Amino acid sequence: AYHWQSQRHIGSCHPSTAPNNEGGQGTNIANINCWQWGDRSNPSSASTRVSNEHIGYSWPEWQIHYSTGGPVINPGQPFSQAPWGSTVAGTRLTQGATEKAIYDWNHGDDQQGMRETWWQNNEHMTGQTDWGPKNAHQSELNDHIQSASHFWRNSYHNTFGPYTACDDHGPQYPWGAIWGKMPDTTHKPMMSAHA
Amino acid sequence: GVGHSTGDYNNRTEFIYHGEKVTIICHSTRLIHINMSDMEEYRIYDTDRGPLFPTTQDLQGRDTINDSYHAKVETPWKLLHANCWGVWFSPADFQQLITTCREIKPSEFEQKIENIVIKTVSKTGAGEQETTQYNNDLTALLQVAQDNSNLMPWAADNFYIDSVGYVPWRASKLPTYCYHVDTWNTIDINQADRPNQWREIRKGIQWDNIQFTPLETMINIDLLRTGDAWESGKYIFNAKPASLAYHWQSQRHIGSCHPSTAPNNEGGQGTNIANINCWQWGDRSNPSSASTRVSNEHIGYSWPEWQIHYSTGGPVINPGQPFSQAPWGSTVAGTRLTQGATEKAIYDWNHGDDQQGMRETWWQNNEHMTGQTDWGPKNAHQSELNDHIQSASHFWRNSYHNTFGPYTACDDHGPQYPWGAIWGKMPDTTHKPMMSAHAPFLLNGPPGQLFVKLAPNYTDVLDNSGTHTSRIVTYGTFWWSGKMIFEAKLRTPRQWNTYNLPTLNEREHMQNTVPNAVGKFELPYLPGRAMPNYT
Amino acid sequence: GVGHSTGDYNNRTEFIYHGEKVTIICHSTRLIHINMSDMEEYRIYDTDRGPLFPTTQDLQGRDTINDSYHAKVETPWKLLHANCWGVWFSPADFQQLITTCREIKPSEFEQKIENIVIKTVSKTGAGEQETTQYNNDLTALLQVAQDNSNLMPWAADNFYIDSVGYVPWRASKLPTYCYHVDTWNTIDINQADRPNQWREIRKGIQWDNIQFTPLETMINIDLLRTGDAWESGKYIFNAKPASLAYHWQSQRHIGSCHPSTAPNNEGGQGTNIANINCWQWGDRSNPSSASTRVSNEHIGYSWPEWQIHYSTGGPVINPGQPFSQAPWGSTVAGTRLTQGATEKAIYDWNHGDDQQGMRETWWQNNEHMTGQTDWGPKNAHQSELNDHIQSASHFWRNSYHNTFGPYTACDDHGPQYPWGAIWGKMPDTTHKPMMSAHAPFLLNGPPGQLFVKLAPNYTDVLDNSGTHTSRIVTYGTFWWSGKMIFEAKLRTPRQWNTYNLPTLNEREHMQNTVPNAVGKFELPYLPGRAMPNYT
Amino acid sequence: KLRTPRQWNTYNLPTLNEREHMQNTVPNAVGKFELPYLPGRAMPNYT
Amino acid sequence: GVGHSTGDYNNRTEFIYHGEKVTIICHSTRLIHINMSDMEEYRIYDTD
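Going by the header, the method for this PDB entry is cryo-EM, and the resolution given is 3.79 Å.

Per the PDB entry, the recorded name for chain B is VP2, and the organism is Bufavirus-2. Under its PDB header, the title given for this structure is "Atomic resolution structure of human bufavirus 2". If you open the UniProt record of chain B and go to Sequence similarities (unreviewed entry), you find "Belongs to the parvoviridae capsid protein family."

With the PDB entry as reference, chain A is termed VP2, source organism Bufavirus-2.

Rendered as structure tokens:
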């Protein structure tokens, strides 16, 4: 299965009044009764509430990694761009982990002759989506709204942390790999992208 | 039965000591006041954006947070959950927990519902007088639904506390069960086009794959007339114990004392020895100093926060590492800075109907943990570690990048009373959370929710405006019971010097905890986190 | 008992797989709201002709149909029946039925009624205020009558659906039991006297042989006070399995490929071989062609329809063969032609109290079956089959005669959801129906009807205008339960290419199925008929 | 371990993506065809 | 043997259901066309 379930969907519904009209369109209740992340009196809102976990981690990518030993690409977290404008036939942006695949003889000796390509999005997983520059880190979480300074709109730093929970893009057909060799290393890969 | 009293009300907490081990049996039992169930029907709708959500600039990207636009499926099911600590422990009891025993893992859980009483409102009057006559219905249906298989989506948290009340002698009403469905809330702050202002990419709901898991479509449901007791379910936890102590022990305190000469005067004030004999991190001849030495581990990880995280899927905040600001100027009553992970908590009826009326707040610091402290911008990364002092370039004073690494060792802020959550559901994901912030325990699955609703009672004519006038207004009441079993290992003193024992914080003071002359009082906050310890 | 909860509410569907075989256990349980029983007495009367029934020409013979003049014996008995599919299967479940397993024969049926609650209306007021006080009657009689012997005439169909509701959380009221008695409705269209206009030969009822089978005159009836559970009856079906697949395979596709040369170009476009080597139907030398070749069977039979059938006894329609019009221009949103067997279905409360208010319609095509298609006038019968091409005479382009013959092989339109009928009573007749249109199963006898009525509760004085004021207005409520057992054989893939899986039709789209913000929704239509298959 | 339905509403079953369409999968008149891409990833689920 | 057909070609996939559990037995068998082995010798070289 794939998880559309994402962060801010995991806990209970933020209390609200059911709409009288059909359909609402509302409505929201201000005074609660819930935890908050900072020193935050107002407004208490579902944007900020404590949750035992976090889904997805922003990655600074695409990252060209120069080692002995490369250039190589260090993977990011697989997620769809569908919630954003990216879709097949525009706007096509690859910012997720989206791996094109070249094939042979799907039409061969026709000849195309080159090549058979795919590039899954991969569109079904909307839960883990992190578009790195969209995030913003701010110093003070005080309920007072944020000043000019202290708010950094574009930053690419790795957000992976011990709380996070992430998924690979899982078995995919036909061209996937049922298995691959775990390396022999004192630390071991926690999850293997594409395998 | 047919009315004969079918149940018992036992609220007590009784410790056991066999001295290698501490078994804690804590009962609880509490009244519950349930009514309708205003509309009989599963519904789905979009909550509005939010109170302060930006309508227009120049608020620009600043206020993009604190917006709560979600789509829920409101359902006519009320659930009640034990996840609060305060449910199972009277404050004077929770002392003996954090004083004696240094870690506790819940073991066995049991609960039973007896005995149901349902009565209906009947209004009789001309409008000069309206005489409401409250009469029992011996034929009435309180239907209880248990999940041992965790099929329902997990709604049970103390986030939005809404848990069965803490005060044993007060009747506590239940929350209403609803859970989220697939939405797209995505907004942007770049904007890249459009510098500096925000847009709403796509909203608000996606009907293609939406999941409606109308209940009563999974689970065996039981009917309870007056005089019967739904019981029980028998749950057996398995979970990793969690230590009650807090670690003042931090990095640069873990290894041996950097050799030094004892002072002759009283007191020194010194003194330090230059020539050693120790490892160093870089190519470093001089000075060899305890600032730089190799250690098998590192405590704490700087996090870039606070980080507003925009996903489908939010705005949401991705947590940091919990630590105190006490070593820095931050303290209650100034300078108050929140830069750690410090989570304020809103409460109800601590003074209610006084009325405050709004609200009861806390915001622990949390002050006791000084070990893990990382104030992100304080750190600096420099290129060359050569013993030669650093040049103008190569030294970057303020940088916010994540320092979490495979060497690090970190701790959550642990069990905290009353408002904590004894457990929360570990997600189902190929990678699993290594540690859960604000929850002392994660479970492959927990004891499932307990669902309860009064079955509808219709007037003769159900056809027109049934919701407005279909069924007879009704409210039920019943006692809820529970049993927990905790295991523990008590701490015997590791010190010669006298401990500083747990007590309510300086912000709190006693006579607010003991009931007011009119019977209003608040519970204290006492983590828990009680006793310092080595590492 | 004496009130103690006597019953359980379980709505669930749990598959079993032993892999040769698929056992499907589908529970259902649903509330029921019953009141009087307006008049206590068996009655017999004639319904009026009909809304559009012709009063006068020039409508002439055209409108002679759609008249419903029947004589019924209205009785004070309400019956509830499970024959709808939607009763036993949630749509998401009925997927797994038609996806996995290709035929299912119901096996075992069981049902039980618990627990009864009966309360009466009492009106107290001066007319400035009328205060209705709804109070239980612990002494009240809900009397349930079972037929295991099928003595009562069969009233149980989903024709005029009126079945216990589909939505498990909504309280569904029952239909009122009545059945037909001997009548003569006969009308003529010739008229032969009188060309072109219609007369009414004889009406409306015949008292000579009329059969009044006043109930309570056959069957053991049980009384239920609050706190007892009428159970059960144990029924065991025996019936012929019915395949879930649909056959695109039609005549001229059954035998081997007519030999041909593969094309060199991509793609062909050809090519065909003239000289064969095969059988032919007539005296036919040239050309031997796949149009004419002997085959052991024939699929489908042209029917002359639509045929208005005038009997005693009607007007009624005699069915044709079910097939799609998709190969012809007919499709939803044009050209819509109904010439197949295509049966529209009227529904209630799919959006009710919105109000639409009228009505919820469907009209499946039914599009998936292309094999059996016969559009009557398209066919042509010619005298000489000689290889010489046909002359002016001997070729009759339009003729409507029945082509059904002993060679033919035909299929009904099979189980369809929700509104289908799992079973219907095979008639008792020296010749028996070979296949039943719209009913997937016929039974020598089915599980009989289940009859229920609230026993009357009289005021002290019953003598004058008892029907107007005799007995105290009353309504009961109780839960109905059921159990089915289906057996199946699941289909493993016979294809290399990817199947096209079952889903709601293009007419339907998702967010109408998931409840509306005010809680109104419709169920999808998804036969079932799901997977193509060979023949 | 097979999944029994957790929903009331009808699932959206797996099928080849909109980019793909059927007659490319079934062999061409000269016998050339491609295989579909269908993760797999098929069914939505809770968490 | 000495030529007698020594093998079987079975390409099939057959599910099993005991309903707690699904056992999937999927065979495959496929022809293979191999030639030399242009140079008999282990070699080492740098790709451009």
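Now that the structure has been shown, we can carry on.
Trainee: Even after reading the chapter, I still don't get the side chain of B:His27, so can you show me in this structure?
Mentor: All names here are of chain B. Mapped onto the secondary structure, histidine 27 falls in strand β2 (residues 22-35). According to the relative accessible area criterion, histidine 27 is buried, its value standing at 19%. Beyond its immediate stretch of four places on either side in the chain, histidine 27 contacts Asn10, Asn11, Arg12, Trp88, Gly482 and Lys483.

Trainee: In this structure, what is going on with the side chain of C:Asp412? I would like to understand it.
Mentor: Residue placement: C:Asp412 occurs in the loop between β24 (408-409) and β25 (424-425). For C:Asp412, the contacting residues outside a window of four places in its chain are C:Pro322, C:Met369, C:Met435, C:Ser436, C:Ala439, C:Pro440 and C:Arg529.

Trainee: Would you take a moment to explain the interface of chain B and chain A for this structure?
Mentor: Much of the literature gives interface size as the accessible area that the parts lose upon coming together. Contacts between the two partners involve 100 residues from chain B and, on the opposite side, 86 residues from chain A. Across the chain B/chain A interface, buried area totals approximately 8800 Å², and carbon plus sulfur atoms make up 55% of it. Of all residues in chain B, the largest losses of buried area upon contact with chain A belong to B:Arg62, B:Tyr160 and B:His180, amounting jointly to 11% of the total for that side. At the boundary of chain B with chain A, the tally comes to 3 salt bridges. Taken together, the links from chain B to chain A amount to 42 residue pairs in polar contact.

Trainee: Which parts of the structure should I look at to understand the arrangement of the chains?
Mentor: Looking across the 8 pairs of chains in contact, one finds the most contacts between chains A and B. Contact between chain A and chain E is absent, and the minimum C-alpha spacing across the pair is 13 Å. Note that chain B does not reach chain E: the shortest distance linking a C-alpha of one to a C-alpha of the other is 15 Å.

Trainee: Is there a simple way to think about the state of the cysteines in this case?
Mentor: Should the sulfur atoms of two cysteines be covalently bonded, the bond is a disulfide. Tallied over the entire structure, the rule returns 1 disulfide over all chains. Two residues, A:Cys13 and B:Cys178, share a disulfide whose sulfurs are 2.0 Å apart. The chirality of the disulfide connecting A:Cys13 with B:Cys178 is right-handed, given an S-S dihedral of about 90°. Here B:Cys178 lies in strand β11 (residues 176-180) and A:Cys13 lies in the loop between β1 (2-3) and β2 (54-55), a pairing that spans two chains. Residue A:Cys13 is classed as buried on the basis of its relative accessible area of 3%. Assessed through its relative accessible area of 4%, B:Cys178 is described here as buried. In this structure B:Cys410 is not part of a disulfide, and its nearest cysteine sulfur, from A:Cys166, lies 16 Å away.

Trainee: Looking at this model, I keep getting lost on the environment of B:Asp374. Mind explaining?
Mentor: Residues and elements named next belong to chain B. Mapped onto the elements of the fold, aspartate 374 is located in the loop between β20 (316-317) and β21 (381-382). In the structure, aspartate 374 is positioned 234 residues away from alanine 140 in sequence and 59 Å away in space, judged by C-alpha atoms. Every residue in contact with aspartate 374, bar those within four places of it in the chain, is listed here: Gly300, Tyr301, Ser302, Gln321 and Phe323. For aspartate 374, the side chain forms a polar contact with the main-chain nitrogen of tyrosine 301, separated by 3.1 Å.

Trainee: Looking at this structure, how should I read the interface of chain C and chain A?
Mentor: If you look at the interface, chain C gives 6 residues, while chain A gives 6 residues. Here chain C and chain A share an interface that buries about 380 Å² over both sides, 40% of which is from carbon and sulfur atoms. Remark: the boundary between chain C and chain A carries 1 salt bridge. One can count 1 residue pair in polar contact joining chain C with chain A. Taken together, the residues of the side of chain C that touches chain A break down into 2 nonpolar, 1 polar and 3 charged.

Trainee: How should I be thinking about unusual backbone geometry in this particular structure?
Mentor: For residues besides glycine, phi is generally negative; the peptide bonds are generally trans as well. The omega torsion of the bond from A:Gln112 to A:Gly113 falls at -10°, within 30 degrees of zero and hence cis. Topologically, A:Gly113 is positioned in the loop between β4 (72-73) and β5 (136-138). With an omega dihedral of -15°, the bond running from A:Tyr173 to A:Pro174 counts as a cis peptide bond. With respect to the secondary-structure elements, A:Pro174 resides in the segment after β7 (164-165). Positive phi outside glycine occurs at B:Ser37, with the angle close to 65°. Here B:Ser37 shows up in the loop between β2 and β3 (43-46). Judged by its relative accessible area of 14%, B:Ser37 is buried.

Trainee: What is the right way to look at the nonpolar core in this model?
Mentor: Generally speaking, a soluble globular protein has its nonpolar side chains buried in company with each other. By size, the foremost hydrophobic cluster in this structure holds 96 residues, and its most contacted members are C:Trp88, C:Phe89 and C:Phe478. Residue contributions to this core peak at 7 residues, all from strand β28 (residues 474-490) of chain C. When sequence neighbours within four positions are dropped, the list of residues in contact with C:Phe89 reads C:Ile24, C:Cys26, C:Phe94, C:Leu97, C:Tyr417 and C:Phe486. Residues A:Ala136, B:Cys101, B:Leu244 and B:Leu450 belong to the second largest nonpolar core, which totals 78 residues.

Basis of the calculations
- Residues numbered from 1 in each chain as written, not as in the entry; some residues may be left out.
- Chains lettered and ligands numbered in written order.
- Part of a larger assembly, values for the part shown.
- Heavy atoms only, no water.
- UniProt positions renumbered as here; feature names shortened; annotations may be inferred.
- Helix = DSSP H or I, 4+ residues; strand = E, 2+ residues; numbered from the N terminus.
- Buried < 20%, exposed > 50% of the residue type's maximum accessible area, 1.4 Å probe, protein only.
- Contact = heavy atoms within 4.5 Å.
- Buried area = accessible area lost by both parts, 1.4 Å probe.
- Salt bridge = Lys/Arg side-chain N within 4 Å of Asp/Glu carboxyl O.
- Polar contact = N/O pair within 3.5 Å; in protein donor to acceptor, adjacent residues only side chain to side chain.
- Disulfide = S-S within 2.5 Å.
- Nonpolar A, V, L, I, M, F, W, Y, C, P; charged D, E, K, R; others polar.
- Core = buried A, V, L, I, M, F, W, Y, C linked by side-chain atoms within 4.5 Å.

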